[PDB]
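In: sequence and experimental coordinates follow.
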Amino acid sequence: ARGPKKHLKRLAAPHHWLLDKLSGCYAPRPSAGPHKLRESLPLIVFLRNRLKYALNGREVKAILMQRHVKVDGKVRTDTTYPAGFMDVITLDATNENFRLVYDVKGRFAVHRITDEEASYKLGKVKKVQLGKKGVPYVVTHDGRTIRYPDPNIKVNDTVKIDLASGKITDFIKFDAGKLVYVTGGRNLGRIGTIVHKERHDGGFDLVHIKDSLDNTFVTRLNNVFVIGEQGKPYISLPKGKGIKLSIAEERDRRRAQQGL
Amino acid sequence: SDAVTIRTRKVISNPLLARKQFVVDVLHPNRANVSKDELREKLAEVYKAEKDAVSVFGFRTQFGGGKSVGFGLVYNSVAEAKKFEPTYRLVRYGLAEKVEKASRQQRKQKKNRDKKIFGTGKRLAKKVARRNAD
Amino acid sequence: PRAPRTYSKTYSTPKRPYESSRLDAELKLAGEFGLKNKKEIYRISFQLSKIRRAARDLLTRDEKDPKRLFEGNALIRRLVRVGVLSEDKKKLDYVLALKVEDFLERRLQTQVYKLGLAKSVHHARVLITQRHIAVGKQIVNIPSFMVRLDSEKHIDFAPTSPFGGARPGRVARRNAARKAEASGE
RNA sequence: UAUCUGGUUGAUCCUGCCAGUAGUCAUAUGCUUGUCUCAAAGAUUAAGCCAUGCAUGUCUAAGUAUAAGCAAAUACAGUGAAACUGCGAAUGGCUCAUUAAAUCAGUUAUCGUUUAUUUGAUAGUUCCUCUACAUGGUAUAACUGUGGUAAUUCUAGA
RNA sequence: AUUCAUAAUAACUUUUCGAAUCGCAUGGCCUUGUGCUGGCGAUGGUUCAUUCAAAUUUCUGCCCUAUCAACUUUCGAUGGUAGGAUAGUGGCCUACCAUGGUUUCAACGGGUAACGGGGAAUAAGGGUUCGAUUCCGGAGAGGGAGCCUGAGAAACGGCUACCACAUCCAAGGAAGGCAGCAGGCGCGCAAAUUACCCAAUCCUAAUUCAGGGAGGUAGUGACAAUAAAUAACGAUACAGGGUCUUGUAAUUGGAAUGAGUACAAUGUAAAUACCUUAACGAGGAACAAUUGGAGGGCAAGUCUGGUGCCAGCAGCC
């Protein structure tokens, strides 16, 4: 249709924004940036529908354009700048730091963190290549590119960009015995250890992952995000540590909550 | 009636805007209703707030009277209360002034009429004066 | 370009409209509980039909199915919380065996008659409509309130409604007004 | 959740079709009409014809100010019409005429390519065997004043 | 998985890019020159990646029709080579050469009162019917064609030409496109206001600020859907079942309450309405409920009255 699209209606927004189907007939439409809009989270949704700071759209406009909310150590003024996975959004006037990590059930969570550990950020290196003028460069899932990496950083792996000037610190390999986040499909938001990877030439190397409670499953390799050694993840895991309780014991613990 | 009571719940401190947000509910077992300005003064003497610096905007009485629940928020330092706030509410509390403007049809008609003038029309006005002179 | 608010209908007209046994039983229920028309019997029949359909296709699922466990436990817990089944009948063959009177017994007008306070179900309903009952603290004027098993001990008169005191009504006010005006002097 | 009943029918039994019953987020129409929440609505015939009004414009500390505009640092400094410059006007919104492997849905592909914008990196090399780099030149709008046309968001010349 | 990424050599080019831009700050150095240097930003800028997309694309899936059995290739139909053109693949086109391609497993043709899907109705199942219409995708702005600008248009709230309509006149010339919001005419069995506002959801712009018939709010509105007022209680006298329970009565009594009226306050962009409420507001022709029906299906008349005829009895009943 004659060009690009600028509007995103309600009923067409990503389901994991938990947008109310009434009270408005349009969705924020995350403008272009580091992440795809189907797997991002705009600033307005985060600041309006999660922490309940703003109440309207102009309210969060006036919060942002006073130069407050920094994404990845850089001041953002756009209402729909698409903050995505493993992003380290920080608020100055409250001295609070955040890290977008997916909840167990599937949508985004609000993970409070200390001032320390908020100065680094993991990134799944997605393609490594000999760039222009013969330099080597990696580019990760968040759109960052880093020049002159160590030659052992290979494809589908994890590097650790801090915030200051890039300059990748110690990085991780990719094999069995490594803790793994999952960010796509039915088994989203689940943390476990790789036991096996079967490589089908022609596409979609499935991965066999065993959780903490010995519930094995498989995903595609696009959704795997290795986050370090088993038992030693380099970030702070969200509340509950990613177990994927079944609904029966979800009922059990939820009525265990009831009563004092 | 003896008294109303005002209880503030779910209090959230928002230093991004230098304000505090809360859900007020008032128990008025007899009277009729809230008398909203009395609630503004009451919330002023609750924290310390200088009642022209507060604003309570959401209110609805529960079925069968007695309880009325609304949303209200307090700004410190009434300059920021004039700053971070929509103009309609500030006019509603008397700390601003409503501007008068012609209605939407007249504004649209004036814009779409002076879309037919290139420049100030001083040449057009002078020319039309001269050309209907003779 | 805005979403629809979803809607449905809680009543259901019967297949054979004109059956003397059905008309007689409907009118018997209406007299025994004081209903306005046949829509109430239809509505409880629709609710019961949904519950029995859920029970049937839950029982056709095998024993110890996790879906059977979760949905059956939720259904039984719900229908004992509203107080239609008994306390010691927490099995699905019993909820196949539910009757319409077991649901109309748990309404508001039936309870505000059975607990005293009304001496007649028709008087009970018109005393509901005139805004005279607080459940807990809340004034209610729906006869079909379907009061829970726990909140049965909180039905009383409102802070308004001169049976609960607080400044008797308009007719008595005019009566005492002409007693003060004509008989007073 | 799984019931059917009359016409043919003169005494009986079936083939059989017709009628009756009920649902419609399915249209119309008749009679009547008190309350609360909720609210579709020129699709069907005519993708038929349209009076008038409105629906696309936009400014920050940060491109251009001598408005003989409004106020109140001898280059300017505040505010701020007009016009130049930049961007947008290719999104919306409406309708269902065309269209029968066409569209469309799921599923792949680009080692077959284009992409303003956003995000991340990125550019010691320029005329040079006599030279502005403490910074080259032209215009032109807006403006001033001169005019035509019945008329147009017409524009002519200085 | 490559003639990939990248690097090197020989050159080539109406030699592309390599900052003559702007705001806010007054730092540091001394040879003290108004010399040297320096911050925080704005806007551009070539290439690569990224994001928003785009365009082509593999497999498989559609309604009826055999009174449609052969279809395509003169004038590209299927394939090869080479060129041209395009952002690029490609018979996309051209030159030359091959004679292929589809089909009773329904080709090709014809019809559609056909935009497709998510979905809707229909409760034993499978199915039968619908999907113009709130979301996704396509196509189109009276019919066609062409095209400028631009990253992106074969754009029509941009342009040009033709066709059919049609407006304005000084008769010489000019200007159009509601299948956007209202609204009008017509057509019909069939479908609402030329209202208020950007307060909300979002979008565009140099941009917290402007603008938005996108959207929201009210008006019409028995499309549809939810909840349930039009009466409740007592006393008397009789009828009963029988010393406590139902019915009847031109018998009677006081209670209750909203439909409405309305200070007020909530509500709202401002209002209306809902929620709350001061005061007023029920004694029957009040504040009165209708729509269908009654031989069986199929529920409910062994009713009443009137009109018209009888070559029937009586005789004016």
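Out: Yes, it's here. Residues are numbered from 1 along each chain as shown, chains lettered A, B, ... in the order given.

In: do a quick rundown of the strands in chain C.
Out: C:133-135, C:138-140, C:155-157 (DSSP state E).

In: which of the ones you listed sits most buried?
Out: Mean neighbours per residue, mean count of other Cβ atoms under 10 Å in any protein chain shown, is largest over the strands of chain C for strand C:133-135, with a mean of 22. (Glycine included, C-beta is placed from N, CA and C.)

In: need the contact partners of it.
Out: With Cβ atoms under 8 Å, 6 or more residues apart in numbering or on different chains as the test, strand C:133-135 has contacts from B:64, C:108, C:112, C:127, C:139-141, C:145, C:147, C:151, C:154-159, C:164.

In: list only buried entries from those residues.
Out: With neighbours counted by 16 or more other Cβ atoms under 10 Å in any protein chain shown, the contacts of strand C:133-135 contain buried members at B:64, C:108, C:112, C:127, C:139, C:140, C:145, C:147, C:155, C:156, C:157, C:158.

In: can you tell me the closest non-neighbouring residue to the first one?
Out: In other words, residue B:64. residue C:139 (3.1 Å; Cβ to Cβ, 6 or more residues apart in numbering or on different chains).

In: which bits of chain B sit near chain C?
Out: B:29, B:62, B:63, B:64, B:65, B:66 (Cβ under 8 Å from any Cβ of the partner chain).

In: please apply the same query to the stretch 101-250 of chain A.
Out: A:246, A:247, A:248.

In: I'd like to know how far the residue lying closest to the first one once chain neighbours are set aside sits from residue A:116.
Out: Yep, that's residue A:246 we're talking about. The shortest distance from residue A:246 to any non-neighbouring residue, by Cβ to Cβ, 6+ apart, is to residue C:66 (7.4 Å). The spacing between residue C:66 and residue A:116, counted by Cβ to Cβ, to the nearest Å, is 43 Å.

In: residue nearest the centroid of chain B?
Out: residue B:89 (0.9 Å; Cα atoms, centre = their mean).

In: how about it, what does it touch?
Out: B:55, B:57.

In: check the gap between it and residue A:33 for me.
Out: Counting by Cβ to Cβ, the gap from residue B:89 to residue A:33 is 34 Å.

In: checking residue B:25 next. Helix, strand or coil?
Out: Counting by DSSP: H, G, I helix; E, B strand; the rest coil, the backbone at residue B:25 sits in strand.

In: beta-bridge partners for the residue nearest to it when sequence neighbours are not counted, please?
Out: In this structure, residue B:25 finds its nearest non-sequential neighbour in residue B:69, 4.5 Å apart by Cβ to Cβ, 6+ apart. Per DSSP bridges, the residues bridged to residue B:69 are residue B:25, residue B:60.

In: and the residues of the stretch 101-250 of chain A next to chain C, which is closest to RNA strand E?
Out: Minimum distance to RNA strand E across these is 22.5 Å, recorded for residue A:247 (Cβ to the nearest atom of the strand).

In: could you tell me how many residues sit around the closest one?
Out: 12 (other Cβ atoms under 10 Å in any protein chain shown).

In: next one: phi and psi at it?
Out: Main-chain torsions, residue A:247, degrees, to the nearest 10: phi -70, psi -30.

In: show me where the stretch 151-260 of chain A has its strands.
Out: A:157-161, A:178-182, A:192-197, A:206-210, A:216-220, A:224-229, A:232-233 (DSSP state E, counting those that start in this stretch).

In: meant to ask about chain B, not that
Out: Under DSSP E, chain B gives strands at B:5-14, B:19-28, B:54-61, B:66-75.

In: can you put those in TSV and add distance to RNA strand D and mean neighbour count?
Out: TSV is the format used below for those (distance: least, Cβ to the nearest atom of the strand, whole Å; neighbours: other Cβ atoms under 10 Å in any protein chain shown):
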stretch	distance to RNA strand D	mean neighbour count
strand B:5-14	24	13
strand B:19-28	21	19
strand B:54-61	12	17
strand B:66-75	17	19
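
In: nearest to residue A:141, out of those?
Out: Evaluated over those, closeness to residue A:141 peaks at strand B:5-14, with 32.8 Å, by Cβ to Cβ.

In: which residues sit in contact with the most centrally placed residue in chain C?
Out: By Cα atoms, centre = their mean, chain C has its centre lying nearest to residue C:107, at 2.4 Å. Shown in contact with residue C:107 (Cβ under 8 Å, 6+ apart): C:33, C:143, C:144, C:145, C:146, C:147.

In: the same query, at a cut-off of 10 Å, please.
Out: Counting by Cβ atoms under 10 Å, 6 or more residues apart in numbering or on different chains, residue C:107 touches C:33-35, C:40, C:44, C:113, C:121, C:124-125, C:128, C:142-147.

In: and the residue of chain C that's closest to chain A?
Out: residue C:2 (4.2 Å; Cβ to the nearest Cβ).

In: roughly how far apart are that residue and residue A:9?
Out: In terms of Cβ to Cβ, residue C:2 sits 9 Å off from residue A:9.

In: who touches both of those two?
Out: With Cβ under 10 Å, 6+ apart, residue C:2 and residue A:9 have common neighbours A:24, A:25, A:26.

In: list the buried residues for stretch A:211-231?
Out: Buried positions in stretch A:211-231, judged by neighbour count with 16+ other Cβ under 10 Å: A:211, A:212, A:219, A:222, A:223, A:224, A:225, A:226, A:227, A:228.

In: quick one: stretch A:154-170 near RNA strand D?
Out: Yes. Counting by Cβ under 7 Å from any atom of the strand, contacts between stretch A:154-170 and RNA strand D involve A:165, A:166.

In: what about that stretch, distance to the chain center?
Out: 15 Å (Cα atoms, centre = their mean, to the nearest Å).

In: hmm, that stretch in reach of RNA strand E?
Out: No. Using Cβ under 7 Å from any atom of the strand, stretch A:154-170 stays clear of RNA strand E, coming no nearer than 11.8 Å.

In: got it, and stretch A:121-140?
Out: Yes. Stretch A:121-140 comes into contact with RNA strand E (Cβ under 7 Å from any atom of the strand), by way of A:127, A:129, A:130, A:131, A:132, A:133, A:134, A:139.

In: quick check, the first one in contact with residue A:138.
Out: Yes. Residue A:127 is within contact range of residue A:138, at 7.5 Å (criterion: Cβ atoms under 10 Å).

In: looking at the two, which has the bigger crowd around it?
Out: Taking other Cβ under 10 Å, residue A:127 and residue A:138 do not tie; residue A:138 has more neighbours (26 against 11).

In: now the helix or strand that contains that one and strand A:157-161, what's the angle there?
Out: Element membership for residue A:138, per DSSP states H and E: strand A:136-140. Orientation of strand A:136-140 against strand A:157-161 (axes from the mean of the first three to the mean of the last three Cα atoms, to 10 degrees) gives an angle of 90 degrees.

In: what does strand A:136-140 rub up against?
Out: Under the criterion Cβ under 10 Å, 6+ apart, residues A:34, A:86, A:121-131, A:144-151, A:153-155, A:157-159, A:161, A:168, A:171 lie in contact with strand A:136-140.

In: with just CA atoms, put it into PDB.
Out: Written as PDB, here are the backbone C-alpha positions of strand A:136-140 (Å, rounded to 0.1, in the frame of the first residue of the first chain):
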ATOM      1  CA  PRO A 136      36.800  -8.000  12.200                       C
ATOM      2  CA  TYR A 137      33.500  -7.000  13.800                       C
ATOM      3  CA  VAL A 138      30.700  -8.700  15.600                       C
ATOM      4  CA  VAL A 139      27.100  -7.700  15.600                       C
ATOM      5  CA  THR A 140      24.700  -8.900  18.200                       C
END
